[PDB]
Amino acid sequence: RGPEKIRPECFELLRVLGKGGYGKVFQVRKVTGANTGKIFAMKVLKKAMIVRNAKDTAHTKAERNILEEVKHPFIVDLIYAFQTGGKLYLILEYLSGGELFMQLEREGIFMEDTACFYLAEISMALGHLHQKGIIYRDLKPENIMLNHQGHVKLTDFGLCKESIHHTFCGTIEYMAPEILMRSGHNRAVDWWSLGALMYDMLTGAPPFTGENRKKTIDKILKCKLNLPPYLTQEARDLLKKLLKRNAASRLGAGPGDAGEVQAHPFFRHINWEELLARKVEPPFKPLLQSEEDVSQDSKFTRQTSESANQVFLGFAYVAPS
């Protein structure tokens, strides 16, 4: 006995949840120890092509550091981390609630009262990250997962889920103008992202789009905001204050940050203490018939100089409690 080793054989692969790129995400079942039978998401980085670029190494290690030090109800929980020769493994909680914005297609549009709830939850996660000097940067609708209870969970603090290739890699439609033209980034970028995510929640589409890439960049830089006439005056005001070309003029850009954004009349009905405690019932509680329940194409299961390696030293992790 002693502490549990925790290597790849401790987990059996149930199915693919996503694949890059620099690796793949599996739904797994713990098969050894007192945890035997518990469902997790397992992130597997192909580590031999991460060390070939500094910025990718930076993100991989930042992630591993952030998921250890940062623990928040609206952020994905890291349970185990370990490495095997050529591979990096992150064991995280299986978020059986799937993508939040997958509900959009089903709902058509989210109502403000609904959108407000989830936005309040995202803003709380953003608040905590900024408190710890972390800025997300490219926050997309796809980054917002949901736990088993239907509450928000921020994911993807890692490298890039894309196979193509890192702004401009994948989809750019939710990124602040200052990130696009690559001229400095700060906390304000995340409040833009919040605005863009809000607009998508309430219109089913991102604020500015184009037929091609060049036109899309231009449409964002021009920042000609079109607001649908079905939006309340409070929602109209928040989007106008969140989506400004000038990052300084943006809401939350100042030292007030999240609390400032959270003070907007749009959130006037949110009990923040209850929200953070998750006592508030979420508008989409998913119904699950087992712990290993999937509702999110994915199908077909595989893998669970030289010595210049000092980068992922101390990579191994097991989470408190």
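Note that the rigid core is defined as the largest set of C-alphas that superpose within 1.5 Å between two forms. Numbering starts at 1 and follows the sequence shown.
Of 128 to 136 and 234 to 242, the stretch whose C-alpha atoms sit farther from the shown form in 8 other deposited structures of this protein, after fitting on the rigid core, is 128 to 136. Structural divergence in 8 other deposited structures of this protein between 151 to 159 and 195 to 203: following superposition by the core, 151 to 159 has C-alpha atoms lying farther from the shown form. In every other compared PDB entry of this protein that covers both flanking sides, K215 is modelled, so it falls short of the one-third threshold for missing coordinates.
Compared with other entries of the same protein, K224 falls outside the group left without coordinates by a third of them; all model it where both flanks are modelled.
Per the record, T304 and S305 are separated by 10 or more deposited residues that are missing from the model. According to the entry, the deposited sequence has 1 to 3 residues without coordinates between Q296 and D297. When the mean C-alpha temperature factors of 22 to 30 and 286 to 294 are read from the deposited coordinates, 286 to 294 comes out higher. As recorded in the PDB entry, 179 to 187 is the stretch of 179 to 187 and 222 to 230 with the greater mean C-alpha temperature factor. As recorded in the PDB entry, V311 shows the highest C-alpha B-factor of the residues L17, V311, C10, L14.
Looking at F168, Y199, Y118, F82, the one whose CA carries the top B-factor in the deposited record is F168. Split the chain's modelled residues into thirds by C-alpha temperature factor. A62 is in the lowest one.
Compared with the other modelled residues of the chain, the Cα B-factor recorded for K46 ranks in the highest third.
Looking at the C-alpha B-factors along this chain, the one for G210 belongs to the highest third. Per the PDB record, residue ranking by Cα B-factor puts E173 in the highest third of the chain.
When the modelled residues of the chain are ordered by their C-alpha B factor, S123 lands in the lowest third.
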